[PDB]
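The sequence shown maps to residues 432 to 548, 669 to 806 in the authors' numbering.
We treat Cβ as the ideally placed atom computed from N, Cα and C, and that holds for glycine.
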Amino acid sequence: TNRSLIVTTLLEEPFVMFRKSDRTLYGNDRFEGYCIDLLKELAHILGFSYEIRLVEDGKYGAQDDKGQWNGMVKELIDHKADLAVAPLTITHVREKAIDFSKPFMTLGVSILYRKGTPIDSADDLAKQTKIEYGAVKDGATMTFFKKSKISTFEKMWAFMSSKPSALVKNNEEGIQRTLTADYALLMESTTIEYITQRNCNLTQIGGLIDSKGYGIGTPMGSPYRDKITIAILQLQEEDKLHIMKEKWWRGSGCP
Ligand SMILES: COC(=O)CC[C@H](C[C@H](N)C(=O)O)C(=O)O
Ligand SMILES: [Cl-]
Ligand SMILES: [K+]
Ligand SMILES: [K+]
């Protein structure tokens with residue numbers, strides 16, 4: 432098979448971003464970031480070409496009450512894309528719809544909040680309402696709380712899903728909310744690490760709530776899944792993914 436693979440993705444710093452230039456850019460040249468470096472490395476190793484496209488609805492992917500998916504997950508289900516290359520969380524619920532490569536990065540859910548009120672955990676959030684909290688709508692973190700059998704997280708989901716402001720359109724909007732309101736954002740730990748190094752009034756609250764990985768998504772039965780997995784595992788063993796992360800995360804710290 433010689434054709435270029437269609438890659439669906441989402442803007443999400445520092446994984447996928449619009450490259451800065453004075454020229455009007457087009458095609459793959461528009462994009463840079465951790466996930467673009469990973470895609471280039473896989474493309475080199477495995478000898479394939481690709482065309483990157485932004486998912487129209489700007490969502491990662493979750494199910495509605497009818498069971499229908501949206502976001503990048505839906506793109507893969509409909510075979511509108513060959514690969515989803517993004518910080519896409521590997522979950523068993525999504526495995527009902529799509530396949531994933533093995534993880535290229537591990538992480539956990541944690542809390543992003545303004546330094547100030669010394670809350671120390673999700674339990675501190677769960678037992679009150681003065682500090683509002685939420686997550687990105689139709690993402691893995693939202694779904695984690697929605698499906699949780701943990702009593703504290705159930706309480707949190709009950710509040711989140713009743714407060715129409717709590718679930719934000721995207722990470723950026725969630726971060727802005729933490730900066731402008733008494734609001735704590737439930738979000739993934741490596742992104743929190745990135746944010747708190749650049750926004751010194753924000754901090755991570757508590758440790759990791761859980762453990763998971765980001766993987767490259769594919770339609771079920773993709774002929775590319777297995778070779779992508781092998782290449783990712785190799786890059787991981789040779790510490791190439793650690794170096795790639797250091798590349799995109801490094802910068803000046805905070806006082
Ligand atoms: C790292 O990307 C983000 O922070 C976007 C929001 C994420 C999306 C998540 N990685 C997903 O795959 O649905 C979340 O549900 O917390
Ligand atoms: Cl929506
Ligand atoms: K080709
Ligand atoms: K430009």
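Assigned secondary structure, residue i (DSSP; H/G/I helix, E/B strand, else coil)
i    : result
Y745 : helix
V438 : strand
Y457 : coil
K763 : strand
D790 : coil
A673 : helix
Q785 : helix
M771 : coil
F449 : strand
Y491 : coil
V687 : strand
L730 : helix
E482 : strand
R525 : helix
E444 : coil
Contacts around residue i, its chain only, beta-carbon distance under 7 Å, and the 5 residues preceding and following it disregarded
i    : result
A673 : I542, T703, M707, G757 and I760
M771 : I529 and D530
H510 : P770
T754 : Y544, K546 and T747
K533 : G766, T780, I783 and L784
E472 : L786
Own chain residues within Cβ distance below 8 Å of residue i, not counting five before or after
i    : result
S712 : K697 and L718
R450 : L456, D460, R461, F462 and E463
CB contact flag (residue i, residue j, <9 Å)
i    : j    : result
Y775 : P445 : no
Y481 : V687 : no
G458 : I483 : yes
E506 : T692 : no
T680 : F710 : yes
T742 : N722 : yes
Residue i: CB within 8 Å of a non-hydrogen atom of ligand 5
i    : result
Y491 : This structure simply doesn't include ligand 5; it includes ligand 1, ligand 2, ligand 3 and ligand 4 instead.
Residues sharing a beta bridge with residue i, DSSP
i    : result
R545 : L753
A735 : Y684
At least 3 beta-carbon pairs within less than 8 Å: the stretch 493 to 504 vs the stretch 465 to 484: no
Segment contact flag, the stretch 761 to 776 with the stretch 530 to 538, C-beta cutoff 8 Å, min 3 pairs: yes
Cβ contact check for the stretch 432 to 444 and the stretch 514 to 529: 3 or more pairs under 8 Å: yes
Validate contact between the stretch 780 to 797 and the stretch 715 to 731 using beta carbons, cut 8 Å, 3 pairs: no
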